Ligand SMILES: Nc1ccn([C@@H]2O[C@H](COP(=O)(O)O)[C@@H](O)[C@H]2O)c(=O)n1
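One chain is shown next in structure tokens, namely the form deposited without the ligand.
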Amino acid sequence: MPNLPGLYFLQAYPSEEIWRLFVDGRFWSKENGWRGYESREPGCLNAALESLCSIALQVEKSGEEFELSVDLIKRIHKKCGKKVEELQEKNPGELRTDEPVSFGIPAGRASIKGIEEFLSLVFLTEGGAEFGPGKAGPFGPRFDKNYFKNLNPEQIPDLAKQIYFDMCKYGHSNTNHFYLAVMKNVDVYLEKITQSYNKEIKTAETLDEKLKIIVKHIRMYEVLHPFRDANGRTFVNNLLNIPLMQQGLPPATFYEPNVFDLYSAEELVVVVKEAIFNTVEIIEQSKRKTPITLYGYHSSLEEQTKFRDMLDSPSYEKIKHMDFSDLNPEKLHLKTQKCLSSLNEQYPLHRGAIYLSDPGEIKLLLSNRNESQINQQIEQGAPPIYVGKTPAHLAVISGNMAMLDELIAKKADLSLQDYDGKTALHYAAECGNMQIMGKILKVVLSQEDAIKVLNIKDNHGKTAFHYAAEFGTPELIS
């Protein structure tokens, strides 16, 4: 038997695209893929790759059958925190004791069922964690109200609705609430979660059962937030991939990984599956010598040569150039294909806009669909990228010309705004695609309301042409 049959997918993953399993897909379009992430903290790209591979290297060939252990976990977060001096806290790879870490969460990174689950985590209650609406400070947030104070667990379903309602009133992408992690017993809870995992994982028989257990526990970790820094990479970009590859699944290439706090375990399974699905299509497209176009980003040959020259990781080289113990580098593949087949099922018009490029397939998919299906906006709980969007919005942000054409043919509503206030037009302007902008405007002008539609403002009070006029000048943070 092997231990990490997943390593197979890691080795198959095309080297010049390996940055994709560390840079969130949401940055690729606007930051020339990996370059923006690289410039904000150079070489973390390697460091992150070196961490995964070196950790996975001392697993697939040791132990008995694997059991998770806190020491491993810490053994992980030793990359990458500062690690530099001086005092008085903390060991650049050790655990928080009383140190307080906090961050905010916008409605678009949350779900009602997710909030319900969050409030239900008992260690947050007894550990002294804080969560609620408030204000962000230079030394912590200032809460207007902390829900973990005097929390009646009978009231959590009603409370979860209210919280979600409040977060939306503030804005889909706006940070209103805040979370301050536990300041008591992190070592205890870290061990509790580890034991829970190793207990439950052994009960699960199917791969879907196992996924549920993996994401449920990875969440608890993240929410637990045991380190001073880099809890997200340490768990979701690194740790999550170990149980995934232990089950013989590929590692995850995420659009937006930062939903392991206020999404529910069930909804996270979906998030991880579509992430996984993304590693599979990366590999397939590269195998078929097809240019990779995911998430509206087209890598230039100069960007690719800059990255492989920059690529530098001994443990990655060892995994790329290894033997194929086997057997089943093809069941491995058929196993994950059956596991991911649950995706196709729900809101396919949106997934089509993201992943489909063949005009014939697209035309077929949109046949027999009604006005409400072609105009459907996906609701809370779906993976972040879908919430509030029509297939049209997603066609524009992917650059899916074929899909946009068919949607226009099917007389889709291009005036509808997603929960950021943006219409298909705001996105076309932001993407700087002259053609898709033109197609949309041709349609908009042949309608009654053309001026009202062109003057639509989003959550920044901006019109589509505000963004258009801004295209190609540089960003402006916070």
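Residue numbers run from 1 along the displayed sequence. The term rigid core refers to the most C-alpha atoms you can superpose between the two forms while keeping them within 1.5 Å. Only residues modelled in both forms are compared.
Student: With respect to the recorded C-alpha B factors, which stretch has the higher mean value, 127-135 or 296-304?
Tutor: According to the entry, 296-304 carries the higher average C-alpha B-factor.
Student: Per the entry, where is the mean C-alpha temperature factor higher: 5-13 or 456-464?
Tutor: Looking at the record's C-alpha B-factors, the answer is 5-13.
Student: Go through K83, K113, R109, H350 one by one and give the residue whose Cα B-factor in the PDB entry is largest.
Tutor: Highest CA B-factor of the listed options: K83.
Student: Name the residue from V270, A204, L249, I218 with the greatest C-alpha temperature factor listed in the entry.
Tutor: The record points to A204.
Student: Going by the recorded CA B-factors, say which third of the chain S173 sits in, lowest, middle or highest.
Tutor: Answer is lowest: the recorded C-alpha B-factor places it there.
Student: Sort the modelled residues of this chain by their C-alpha B factor and say whether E31 lands in the lowest, middle or highest third.
Tutor: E31: CA B-factor falls in the middle third of its chain.
Student: Comparing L49 with the other modelled residues of its chain, is its CA B-factor in the lowest, middle or highest third?
Tutor: Highest third, going by the recorded CA B-factors of the chain.
Student: Ordered by C-alpha B-factor within the chain, which third holds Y316? Give me lowest, middle or highest, please.
Tutor: Within its chain, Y316 is a highest-third residue by C-alpha B-factor, going by the deposited values.
Student: Taking the entry's C-alpha B-factors for this chain, is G432 in the lowest, middle or highest third?
Tutor: It belongs to the middle third of the chain when residues are ordered by C-alpha B-factor.
What comes next is about the form solved in complex with the ligand, which does not appear here.
Student: Pick the stretch from 163-171, 199-207, 298-306, 230-238 whose residues have a heavy atom within 4.5 Å of the ligand in the deposited complex.
Tutor: Contact-bearing stretch, as computed: 230-238.
Student: Are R26, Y37 and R40 jointly within 4.5 Å of the ligand in the deposited complex, each by at least one heavy atom?
Tutor: Heavy-atom distance to the ligand in the deposited complex: all three under 4.5 Å.
Student: Can you work out which of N146, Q247, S313, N258 has a heavy atom no more than 4.5 Å from the ligand in the deposited complex?
Tutor: Looking at the other structure, the residue within range turns out to be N258.
Student: Please identify the residue among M437, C44, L416, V444 with any heavy atom within 4.5 Å of the ligand in the deposited complex.
Tutor: So the residue touching the ligand in the deposited complex, by this definition, is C44.
Student: Core fitted between the shown form and the other one: which of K113, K78, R351, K90 shows a C-alpha shift of 2 angstroms or more?
Tutor: Per the superposition, the moving residue is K90.
Student: Closer or farther: how do the Cα atoms of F139 and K79 compare in the deposited complex relative to this form, given a change of at least 3 Å?
Tutor: Farther apart in the deposited complex, by 3 Å or more.
Student: Thinking of the 3 angstroms or more shift, are the C-alphas of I73 and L87 brought closer or pushed farther apart in the deposited complex than in this view?
Tutor: The answer is closer, because the C-alphas of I73 and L87 approach each other in the deposited complex by 3 Å or more.
Student: Residue runs between the shown form and the other one with every C-alpha shifted 2 Å or more, at least 3 long, rigid core fitted, in sequence order please.
Tutor: Only these runs move by 2 Å or more: 79-92, 327-330.
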